[PDB]
Amino acid sequence: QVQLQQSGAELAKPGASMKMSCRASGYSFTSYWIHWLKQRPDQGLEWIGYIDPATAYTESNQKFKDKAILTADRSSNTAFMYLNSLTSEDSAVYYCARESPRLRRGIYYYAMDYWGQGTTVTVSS
Amino acid sequence: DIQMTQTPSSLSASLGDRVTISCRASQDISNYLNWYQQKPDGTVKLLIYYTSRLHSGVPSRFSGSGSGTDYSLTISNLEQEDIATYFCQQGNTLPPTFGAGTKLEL
Ligand SMILES: O=C(CO)N[C@H]1[C@H]([C@H](O)[C@H](O)CO)O[C@@](O[C@H]2[C@@H](O)[C@@H](CO)O[C@@H](O[C@H]3[C@H](O)[C@@H](O)[C@H](O)O[C@@H]3CO)[C@@H]2O)(C(=O)O)C[C@@H]1O
C-alpha cells in the first residue's frame with residue numbers, strides 16, 4: 001500500500017523560510033514523480049512542481065520558480081519542499097502526490113494517484 | 001495556462017441518486033482529464049484518470065466521459081462516503097491546472 005506521510009503543521013514568520021517533507025513507503029520511490037500542490041481556504045488546487053527522484057530533475061510552475069525548491073533524498077525515501085520569503089499569501093495546505101504510471105514512454109497522465117495527508121502552514125506576524 | 005471551470009459549484013443530492021457534474025477546459029486537452037475526491041478531513045484520492053479510466057480500488061459506480069473541452073463525472077447509487085468535493089484537472093500541458101471544485105452535499 002502506497003503511503004505519503006507529510007510533516008506536521010508549521011507556524012512560520014513573515015519573510016522567513018521553511019522546509020516540509022514527504023515520506024514515501026510501500027513503493028519504489030525512484031520510479032515515479034512527486035508533485036507538490038497548494039490549496040487555499042475553500043479554493044482549488046495550485047500545482048507547484050514535481051521532482052524526479054531518479055534523476056533529481058525538477059519542473060516548476062512559473063508562479064513558484066522563486067518561491068519553492070524541490071529536493072528528494074533517494075536513500076531515505078523522502079521528498080522535501082523549501083519555501084522562502086514567506087507571506088500571508090503562503091498560508092495554505094500543501095500536498096505531495098505521486099505521479100501515476102505513465103500511459104507510454106514519454107506520455108504521462110499527470111494524474112496524481114496517491115496523496116499525502118497535507119501540511120498546513122500559517123504565516124503570522 | 002489552461003483554465004478549468006466546474007459546474008455547478010455545489011450539488012445537493014440524496015442517497016441512491018444518480019449524479020453528474022461538469023468540467024470545462026479552456027482548450028482541447030485531448031482526454032487528459034483527471035478527477036479527484038476530497039473529504040472534509042483533507043484527504044484526497046484519485047478517482048478517474050484519462051477521462052474514463054478507474055483508479056485502483058475506486059467503486060465502479062464512478063464513471064467519466066467527455067472529449068475536447070467538455071467532460072463529466074457520473075456517480076450512480078450515491079453512497080454516504082461520496083459526500084465530498086470533486087475536482088477535475090487537465091494533464092495535457094504544463095502546468096497542471098485544477099477546477100474550483102464541486103461540493104456534493106446531502
Ligand atoms: O517514466 C517514469 C518517470 O517517473 N516512470 C515510469 C517507471 C520507470 O520508468 C521505471 O520504473 C524505472 O525503473 O516505469 C513505469 O512502468 C514500468 C512497468 O510497466 C514495468 C512492468 O510492470 O516495466 C518497466 O520496464 C522495465 C521492463 O519491464 C524490463 O524488462 C526492463 O529490463 O527494465 C524496464 C525498466 O523499468 C516499466 O518501466 C512504472 O514503474 O509504473 C511507468 C512510470 O511512468
# chains A, B, ... in the order shown; residues from 1 in each chain; ligands from 1
>>> residues_around(residues="stretch 18-23 of chain B", least_positions_apart="6", cutoff="7 Å", atoms="only C-alpha atoms", output="PDB file with C-alpha atoms, in the first residue's frame")
ATOM      1  CA  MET B   4     -10.654  24.606 -15.773  1.00  0.00           C
ATOM      2  CA  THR B   5     -14.218  25.588 -14.846  1.00  0.00           C
ATOM      3  CA  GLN B   6     -16.546  23.222 -12.979  1.00  0.00           C
ATOM      4  CA  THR B   7     -20.342  23.444 -12.809  1.00  0.00           C
ATOM      5  CA  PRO B   8     -22.169  23.530 -10.577  1.00  0.00           C
ATOM      6  CA  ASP B  70     -16.065  19.109 -22.181  1.00  0.00           C
ATOM      7  CA  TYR B  71     -16.007  16.268 -19.650  1.00  0.00           C
ATOM      8  CA  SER B  72     -18.260  14.885 -16.934  1.00  0.00           C
ATOM      9  CA  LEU B  73     -18.093  12.687 -13.839  1.00  0.00           C
ATOM     10  CA  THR B  74     -21.069  10.430 -13.087  1.00  0.00           C
ATOM     11  CA  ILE B  75     -21.926   8.811  -9.750  1.00  0.00           C
ATOM     12  CA  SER B  76     -24.709   6.229  -9.708  1.00  0.00           C
ATOM     13  CA  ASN B  77     -26.100   4.859  -6.431  1.00  0.00           C
ATOM     14  CA  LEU B  78     -24.859   7.691  -4.247  1.00  0.00           C
ATOM     15  CA  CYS B  88     -11.183  17.962 -12.282  1.00  0.00           C
TER      16      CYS B  88
END
>>> residues_near_ligand(ligand="ligand 1", cutoff="8 Å", atoms="only C-alpha atoms and all ligand atoms", output="count of residues only")
17
>>> residues_around(residues="stretch 37-46 of chain B", least_positions_apart="6", cutoff="7 Å", atoms="only C-alpha atoms", output="PyMOL selection string")
(chain A and resi 112-115+117) or (chain B and resi 55+84-87)
>>> residues_around(residues="residue A:124", least_positions_apart="4", cutoff="12 Å", atoms="only C-alpha atoms", output="list in words")
residues 10, 11, 12, 13, 14, 15, 16, 86, 87, 88, 89, 90, 91 and 92 of chain A
>>> interface_residues(of="chain A", to="chain B", cutoff="9 Å", atoms="only C-alpha atoms", output="PyMOL selection string")
chain A and resi 42-49+60-62+93+108-118
>>> write_last_selection(atoms="N, CA and C atoms", output="mmCIF file, in the first residue's frame")
data_model
loop_
_atom_site.group_PDB
_atom_site.id
_atom_site.type_symbol
_atom_site.label_atom_id
_atom_site.label_comp_id
_atom_site.auth_asym_id
_atom_site.auth_seq_id
_atom_site.Cartn_x
_atom_site.Cartn_y
_atom_site.Cartn_z
ATOM 1 N N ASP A 42 -10.998 26.888 1.037
ATOM 2 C CA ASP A 42 -12.199 26.691 0.223
ATOM 3 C C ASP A 42 -11.956 27.064 -1.238
ATOM 4 N N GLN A 43 -10.761 26.750 -1.734
ATOM 5 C CA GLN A 43 -10.374 27.075 -3.100
ATOM 6 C C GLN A 43 -9.885 25.821 -3.813
ATOM 7 N N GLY A 44 -9.450 26.005 -5.059
ATOM 8 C CA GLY A 44 -8.916 24.920 -5.850
ATOM 9 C C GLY A 44 -7.446 24.671 -5.574
ATOM 10 N N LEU A 45 -6.916 23.657 -6.252
ATOM 11 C CA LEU A 45 -5.541 23.223 -6.050
ATOM 12 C C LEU A 45 -4.612 23.920 -7.036
ATOM 13 N N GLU A 46 -3.503 24.443 -6.521
ATOM 14 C CA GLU A 46 -2.452 25.039 -7.335
ATOM 15 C C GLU A 46 -1.275 24.077 -7.407
ATOM 16 N N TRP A 47 -0.759 23.862 -8.614
ATOM 17 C CA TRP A 47 0.374 22.968 -8.827
ATOM 18 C C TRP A 47 1.669 23.760 -8.691
ATOM 19 N N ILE A 48 2.537 23.322 -7.787
ATOM 20 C CA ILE A 48 3.815 23.993 -7.557
ATOM 21 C C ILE A 48 4.899 23.438 -8.470
ATOM 22 N N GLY A 49 4.991 22.123 -8.559
ATOM 23 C CA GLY A 49 6.007 21.490 -9.373
ATOM 24 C C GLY A 49 6.123 20.023 -9.020
ATOM 25 N N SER A 60 9.015 23.226 -12.519
ATOM 26 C CA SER A 60 8.380 24.164 -11.604
ATOM 27 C C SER A 60 7.381 25.051 -12.331
ATOM 28 N N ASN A 61 6.249 25.300 -11.677
ATOM 29 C CA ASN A 61 5.328 26.332 -12.132
ATOM 30 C C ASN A 61 6.026 27.685 -12.099
ATOM 31 N N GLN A 62 5.822 28.473 -13.159
ATOM 32 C CA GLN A 62 6.428 29.801 -13.226
ATOM 33 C C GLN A 62 6.028 30.656 -12.030
ATOM 34 N N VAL A 93 -2.703 24.915 2.723
ATOM 35 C CA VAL A 93 -2.441 23.493 2.902
ATOM 36 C C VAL A 93 -1.608 23.026 1.719
ATOM 37 N N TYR A 108 2.771 11.071 -20.126
ATOM 38 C CA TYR A 108 2.319 10.938 -18.748
ATOM 39 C C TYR A 108 0.906 11.485 -18.601
ATOM 40 N N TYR A 109 0.110 10.831 -17.749
ATOM 41 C CA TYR A 109 -1.248 11.291 -17.490
ATOM 42 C C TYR A 109 -1.281 12.569 -16.667
ATOM 43 N N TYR A 110 -0.226 12.843 -15.897
ATOM 44 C CA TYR A 110 -0.245 13.893 -14.880
ATOM 45 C C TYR A 110 -1.412 13.685 -13.919
ATOM 46 N N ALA A 111 -1.703 12.417 -13.640
ATOM 47 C CA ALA A 111 -2.718 12.025 -12.675
ATOM 48 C C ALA A 111 -2.020 11.634 -11.380
ATOM 49 N N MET A 112 -2.324 12.355 -10.307
ATOM 50 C CA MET A 112 -1.698 12.128 -9.007
ATOM 51 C C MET A 112 -2.496 11.049 -8.285
ATOM 52 N N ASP A 113 -1.977 9.818 -8.309
ATOM 53 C CA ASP A 113 -2.755 8.656 -7.894
ATOM 54 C C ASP A 113 -2.727 8.405 -6.391
ATOM 55 N N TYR A 114 -1.727 8.919 -5.679
ATOM 56 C CA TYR A 114 -1.647 8.740 -4.235
ATOM 57 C C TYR A 114 -1.185 10.040 -3.599
ATOM 58 N N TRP A 115 -1.887 10.460 -2.551
ATOM 59 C CA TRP A 115 -1.718 11.780 -1.967
ATOM 60 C C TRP A 115 -1.308 11.680 -0.505
ATOM 61 N N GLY A 116 -0.505 12.652 -0.069
ATOM 62 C CA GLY A 116 -0.226 12.796 1.340
ATOM 63 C C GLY A 116 -1.355 13.496 2.071
ATOM 64 N N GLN A 117 -1.352 13.363 3.400
ATOM 65 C CA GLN A 117 -2.449 13.908 4.191
ATOM 66 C C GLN A 117 -2.461 15.432 4.199
ATOM 67 N N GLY A 118 -1.372 16.071 3.808
ATOM 68 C CA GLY A 118 -1.341 17.517 3.730
ATOM 69 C C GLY A 118 -0.625 18.146 4.910
#
>>> closest_residue(among="A:107, A:20, A:51, A:38", to="residue A:63", atoms="only C-alpha atoms")
A:38
>>> residues_around(residues="residue A:8", least_positions_apart="2", cutoff="8 Å", atoms="only C-alpha atoms", output="mmCIF file with N, CA, C and O atoms, in the first residue's frame")
data_model
loop_
_atom_site.group_PDB
_atom_site.id
_atom_site.type_symbol
_atom_site.label_atom_id
_atom_site.label_comp_id
_atom_site.auth_asym_id
_atom_site.auth_seq_id
_atom_site.Cartn_x
_atom_site.Cartn_y
_atom_site.Cartn_z
ATOM 1 N N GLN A 6 3.255 13.259 5.345
ATOM 2 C CA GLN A 6 3.782 14.614 5.326
ATOM 3 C C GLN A 6 4.094 15.091 6.740
ATOM 4 O O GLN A 6 3.577 14.567 7.730
ATOM 5 N N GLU A 10 3.227 23.759 10.537
ATOM 6 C CA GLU A 10 4.223 24.719 10.984
ATOM 7 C C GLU A 10 3.610 26.107 11.106
ATOM 8 O O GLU A 10 2.699 26.475 10.358
ATOM 9 N N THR A 119 0.017 19.284 4.651
ATOM 10 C CA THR A 119 0.721 20.048 5.674
ATOM 11 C C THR A 119 0.202 21.475 5.652
ATOM 12 O O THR A 119 0.359 22.178 4.647
ATOM 13 N N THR A 120 -0.416 21.902 6.750
ATOM 14 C CA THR A 120 -0.956 23.250 6.854
ATOM 15 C C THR A 120 0.125 24.198 7.360
ATOM 16 O O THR A 120 0.777 23.925 8.373
#
>>> atom_distance(atom1="atom CA of residue A:5", atom2="atom CA of residue B:79")
27.8 Å
>>> atom_distance(atom1="atom CA of residue A:66", atom2="atom CA of residue B:28")
29.9 Å
>>> closest_residue(among="B:30, B:106, B:52, B:67", to="residue B:83", atoms="only C-alpha atoms")
B:106
>>> atom_distance(atom1="atom CA of residue A:72", atom2="atom CA of residue A:123")
24.7 Å
>>> select_by_dssp(residues="chain B", states="strand (DSSP E)", output="ChimeraX atom specification")
/B:4-7,10-12,19-25,33-38,44-49,53-54,62-67,70-75,84-90,97-98,102-105
>>> write_last_selection(atoms="N, CA and C atoms", output="short mmCIF file (atom, residue, chain, number, x, y, z; two decimals), in the first residue's frame")
data_model
loop_
_atom_site.label_atom_id
_atom_site.label_comp_id
_atom_site.auth_asym_id
_atom_site.auth_seq_id
_atom_site.Cartn_x
_atom_site.Cartn_y
_atom_site.Cartn_z
N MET B 4 -9.60 25.60 -15.96
CA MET B 4 -10.65 24.61 -15.77
C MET B 4 -11.80 25.22 -14.98
N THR B 5 -13.02 25.08 -15.50
CA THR B 5 -14.22 25.59 -14.85
C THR B 5 -15.19 24.44 -14.61
N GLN B 6 -15.62 24.28 -13.37
CA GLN B 6 -16.55 23.22 -12.98
C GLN B 6 -17.92 23.81 -12.69
N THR B 7 -18.96 23.07 -13.07
CA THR B 7 -20.34 23.44 -12.81
C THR B 7 -21.11 22.20 -12.39
N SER B 10 -21.86 23.73 -6.34
CA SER B 10 -22.34 22.84 -5.29
C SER B 10 -23.55 22.10 -5.81
N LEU B 11 -23.67 20.83 -5.42
CA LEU B 11 -24.79 19.99 -5.84
C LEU B 11 -25.28 19.21 -4.63
N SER B 12 -26.57 19.35 -4.33
CA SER B 12 -27.20 18.62 -3.24
C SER B 12 -28.04 17.48 -3.81
N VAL B 19 -25.92 11.03 -10.13
CA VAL B 19 -25.45 12.41 -10.13
C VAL B 19 -24.34 12.57 -11.15
N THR B 20 -24.37 13.68 -11.89
CA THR B 20 -23.35 14.01 -12.87
C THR B 20 -22.92 15.46 -12.70
N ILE B 21 -21.60 15.69 -12.74
CA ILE B 21 -21.03 17.02 -12.61
C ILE B 21 -20.18 17.31 -13.84
N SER B 22 -20.05 18.59 -14.16
CA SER B 22 -19.45 19.03 -15.41
C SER B 22 -18.13 19.76 -15.18
N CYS B 23 -17.25 19.68 -16.18
CA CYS B 23 -15.94 20.30 -16.14
C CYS B 23 -15.58 20.77 -17.55
N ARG B 24 -15.22 22.04 -17.68
CA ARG B 24 -14.87 22.63 -18.96
C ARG B 24 -13.43 23.12 -18.93
N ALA B 25 -12.67 22.77 -19.96
CA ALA B 25 -11.29 23.21 -20.11
C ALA B 25 -11.23 24.39 -21.08
N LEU B 33 -7.79 14.38 -18.72
CA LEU B 33 -8.66 14.98 -17.72
C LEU B 33 -8.79 14.00 -16.56
N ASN B 34 -8.44 14.45 -15.36
CA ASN B 34 -8.43 13.60 -14.18
C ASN B 34 -9.43 14.12 -13.15
N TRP B 35 -9.99 13.20 -12.37
CA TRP B 35 -10.99 13.51 -11.35
C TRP B 35 -10.48 13.12 -9.98
N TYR B 36 -10.73 13.98 -8.99
CA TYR B 36 -10.28 13.77 -7.62
C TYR B 36 -11.42 14.01 -6.65
N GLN B 37 -11.37 13.32 -5.52
CA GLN B 37 -12.32 13.48 -4.43
C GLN B 37 -11.59 13.93 -3.19
N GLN B 38 -12.16 14.90 -2.48
CA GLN B 38 -11.55 15.44 -1.27
C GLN B 38 -12.57 15.45 -0.14
N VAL B 44 -7.27 13.36 -0.02
CA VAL B 44 -7.52 13.44 -1.46
C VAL B 44 -7.23 12.08 -2.07
N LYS B 45 -8.07 11.67 -3.02
CA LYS B 45 -7.90 10.40 -3.70
C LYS B 45 -8.21 10.57 -5.18
N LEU B 46 -7.47 9.86 -6.01
CA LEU B 46 -7.73 9.87 -7.44
C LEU B 46 -8.86 8.90 -7.76
N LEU B 47 -9.85 9.38 -8.50
CA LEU B 47 -10.97 8.54 -8.92
C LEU B 47 -10.83 8.12 -10.38
N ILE B 48 -10.82 9.08 -11.29
CA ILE B 48 -10.78 8.83 -12.72
C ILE B 48 -9.55 9.52 -13.30
N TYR B 49 -8.83 8.81 -14.17
CA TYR B 49 -7.75 9.39 -14.94
C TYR B 49 -7.99 9.12 -16.42
N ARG B 53 -10.94 6.23 -17.10
CA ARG B 53 -10.25 5.07 -16.54
C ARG B 53 -10.31 5.10 -15.02
N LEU B 54 -10.83 4.03 -14.43
CA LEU B 54 -10.99 3.94 -12.99
C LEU B 54 -9.66 3.68 -12.31
N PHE B 62 -18.53 5.04 -10.00
CA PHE B 62 -17.92 6.25 -10.53
C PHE B 62 -17.58 6.04 -12.00
N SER B 63 -18.03 6.96 -12.85
CA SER B 63 -17.80 6.86 -14.28
C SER B 63 -17.49 8.24 -14.84
N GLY B 64 -16.74 8.26 -15.93
CA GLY B 64 -16.35 9.51 -16.56
C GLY B 64 -16.47 9.42 -18.06
N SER B 65 -16.70 10.58 -18.68
CA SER B 65 -16.83 10.65 -20.13
C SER B 65 -16.52 12.07 -20.58
N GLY B 66 -16.30 12.22 -21.88
CA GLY B 66 -16.06 13.53 -22.46
C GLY B 66 -14.96 13.54 -23.50
N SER B 67 -14.81 14.67 -24.18
CA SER B 67 -13.76 14.85 -25.17
C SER B 67 -13.56 16.34 -25.39
N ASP B 70 -14.88 19.37 -22.99
CA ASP B 70 -16.06 19.11 -22.18
C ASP B 70 -16.01 17.69 -21.64
N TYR B 71 -16.09 17.56 -20.32
CA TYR B 71 -16.01 16.27 -19.65
C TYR B 71 -16.99 16.25 -18.49
N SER B 72 -17.29 15.04 -18.01
CA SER B 72 -18.26 14.88 -16.93
C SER B 72 -17.89 13.69 -16.07
N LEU B 73 -18.24 13.78 -14.79
CA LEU B 73 -18.09 12.69 -13.84
C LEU B 73 -19.48 12.27 -13.37
N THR B 74 -19.76 10.97 -13.42
CA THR B 74 -21.07 10.43 -13.09
C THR B 74 -20.96 9.49 -11.90
N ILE B 75 -21.80 9.71 -10.89
CA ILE B 75 -21.93 8.81 -9.75
C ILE B 75 -23.34 8.24 -9.76
N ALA B 84 -18.52 14.75 -0.68
CA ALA B 84 -17.19 15.37 -0.69
C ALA B 84 -17.16 16.41 -1.80
N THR B 85 -15.98 17.01 -1.99
CA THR B 85 -15.73 17.94 -3.08
C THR B 85 -14.95 17.23 -4.17
N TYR B 86 -15.35 17.45 -5.42
CA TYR B 86 -14.78 16.76 -6.57
C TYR B 86 -14.10 17.76 -7.48
N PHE B 87 -12.82 17.52 -7.77
CA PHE B 87 -12.02 18.39 -8.62
C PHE B 87 -11.69 17.67 -9.92
N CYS B 88 -11.76 18.41 -11.03
CA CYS B 88 -11.18 17.96 -12.28
C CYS B 88 -9.86 18.68 -12.52
N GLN B 89 -9.00 18.05 -13.31
CA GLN B 89 -7.68 18.59 -13.57
C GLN B 89 -7.19 18.10 -14.92
N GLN B 90 -6.69 19.02 -15.74
CA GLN B 90 -6.14 18.67 -17.04
C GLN B 90 -4.67 18.30 -16.91
N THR B 97 -3.48 22.20 -14.13
CA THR B 97 -4.40 23.14 -13.51
C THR B 97 -5.66 22.41 -13.06
N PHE B 98 -6.25 22.90 -11.97
CA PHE B 98 -7.39 22.27 -11.34
C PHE B 98 -8.60 23.19 -11.40
N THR B 102 -16.56 21.01 -7.04
CA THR B 102 -18.00 20.91 -6.85
C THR B 102 -18.25 20.18 -5.55
N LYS B 103 -18.86 20.86 -4.58
CA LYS B 103 -19.16 20.26 -3.29
C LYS B 103 -20.47 19.49 -3.40
N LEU B 104 -20.40 18.17 -3.30
CA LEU B 104 -21.56 17.30 -3.40
C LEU B 104 -22.09 17.02 -2.00
N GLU B 105 -23.24 17.61 -1.67
CA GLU B 105 -23.81 17.52 -0.33
C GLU B 105 -25.09 16.69 -0.34
#
>>> closest_residue(among="A:125, A:55, A:7, A:77", to="residue A:27", atoms="only C-alpha atoms")
A:77
>>> closest_residue(among="A:9, A:50, A:4, A:81", to="residue A:25", atoms="only C-alpha atoms")
A:4
>>> decode(residues="stretch 5-106 of chain B", atoms="C-alpha atoms", output="compact mmCIF listing (two decimals), in the first residue's frame")
# COMPACT_ATOMS: atom_id res chain seq x y z
CA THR B 5 -14.22 25.59 -14.85
CA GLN B 6 -16.55 23.22 -12.98
CA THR B 7 -20.34 23.44 -12.81
CA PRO B 8 -22.17 23.53 -10.58
CA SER B 9 -20.18 24.94 -7.65
CA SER B 10 -22.34 22.84 -5.29
CA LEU B 11 -24.79 19.99 -5.84
CA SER B 12 -27.20 18.62 -3.24
CA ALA B 13 -28.48 15.08 -3.82
CA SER B 14 -29.92 12.17 -1.85
CA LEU B 15 -28.70 8.67 -1.06
CA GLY B 16 -29.14 6.37 -4.04
CA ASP B 17 -29.40 9.15 -6.63
CA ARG B 18 -27.57 9.25 -9.96
CA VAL B 19 -25.45 12.41 -10.13
CA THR B 20 -23.35 14.01 -12.87
CA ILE B 21 -21.03 17.02 -12.61
CA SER B 22 -19.45 19.03 -15.41
CA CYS B 23 -15.94 20.30 -16.14
CA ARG B 24 -14.87 22.63 -18.96
CA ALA B 25 -11.29 23.21 -20.11
CA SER B 26 -10.07 26.41 -21.75
CA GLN B 27 -8.68 24.41 -24.68
CA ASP B 28 -8.76 20.92 -26.15
CA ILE B 29 -6.93 18.79 -23.57
CA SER B 30 -7.17 15.58 -25.66
CA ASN B 31 -8.80 13.48 -22.90
CA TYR B 32 -6.03 14.22 -20.36
CA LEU B 33 -8.66 14.98 -17.72
CA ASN B 34 -8.43 13.60 -14.18
CA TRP B 35 -10.99 13.51 -11.35
CA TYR B 36 -10.28 13.77 -7.62
CA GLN B 37 -12.32 13.48 -4.43
CA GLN B 38 -11.55 15.44 -1.27
CA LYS B 39 -13.13 14.66 2.10
CA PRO B 40 -13.69 17.22 4.89
CA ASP B 41 -10.65 15.99 6.84
CA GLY B 42 -8.45 16.99 3.89
CA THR B 43 -7.71 13.60 2.35
CA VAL B 44 -7.52 13.44 -1.46
CA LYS B 45 -7.90 10.40 -3.70
CA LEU B 46 -7.73 9.87 -7.44
CA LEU B 47 -10.97 8.54 -8.92
CA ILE B 48 -10.78 8.83 -12.72
CA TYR B 49 -7.75 9.39 -14.94
CA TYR B 50 -7.69 9.94 -18.71
CA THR B 51 -11.41 10.83 -18.90
CA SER B 52 -12.84 7.38 -18.17
CA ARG B 53 -10.25 5.07 -16.54
CA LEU B 54 -10.99 3.94 -12.99
CA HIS B 55 -8.22 4.19 -10.42
CA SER B 56 -7.38 1.14 -8.31
CA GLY B 57 -9.96 0.42 -5.63
CA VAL B 58 -12.49 3.02 -6.81
CA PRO B 59 -16.05 1.60 -6.97
CA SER B 60 -17.47 1.08 -10.46
CA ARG B 61 -20.34 3.45 -9.61
CA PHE B 62 -17.92 6.25 -10.53
CA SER B 63 -17.80 6.86 -14.28
CA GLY B 64 -16.35 9.51 -16.56
CA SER B 65 -16.83 10.65 -20.13
CA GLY B 66 -16.06 13.53 -22.46
CA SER B 67 -13.76 14.85 -25.17
CA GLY B 68 -12.14 18.06 -26.35
CA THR B 69 -13.01 20.74 -23.79
CA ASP B 70 -16.06 19.11 -22.18
CA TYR B 71 -16.01 16.27 -19.65
CA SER B 72 -18.26 14.88 -16.93
CA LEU B 73 -18.09 12.69 -13.84
CA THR B 74 -21.07 10.43 -13.09
CA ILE B 75 -21.93 8.81 -9.75
CA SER B 76 -24.71 6.23 -9.71
CA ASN B 77 -26.10 4.86 -6.43
CA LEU B 78 -24.86 7.69 -4.25
CA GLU B 79 -23.36 6.42 -1.01
CA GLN B 80 -22.66 8.46 2.08
CA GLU B 81 -18.92 8.01 1.52
CA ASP B 82 -19.37 10.07 -1.66
CA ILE B 83 -20.30 13.32 0.14
CA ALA B 84 -17.19 15.37 -0.69
CA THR B 85 -15.73 17.94 -3.08
CA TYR B 86 -14.78 16.76 -6.57
CA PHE B 87 -12.02 18.39 -8.62
CA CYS B 88 -11.18 17.96 -12.28
CA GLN B 89 -7.68 18.59 -13.57
CA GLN B 90 -6.14 18.67 -17.04
CA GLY B 91 -2.87 16.87 -17.67
CA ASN B 92 -2.31 17.93 -21.27
CA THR B 93 0.09 20.88 -20.88
CA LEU B 94 2.38 22.18 -18.18
CA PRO B 95 1.36 23.42 -15.74
CA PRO B 96 -1.37 21.07 -14.50
CA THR B 97 -4.40 23.14 -13.51
CA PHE B 98 -7.39 22.27 -11.34
CA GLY B 99 -11.01 23.36 -11.26
CA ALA B 100 -12.65 25.25 -8.42
CA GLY B 101 -14.42 22.07 -7.32
CA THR B 102 -18.00 20.91 -6.85
CA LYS B 103 -19.16 20.26 -3.29
CA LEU B 104 -21.56 17.30 -3.40
CA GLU B 105 -23.81 17.52 -0.33
CA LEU B 106 -26.81 15.63 1.03
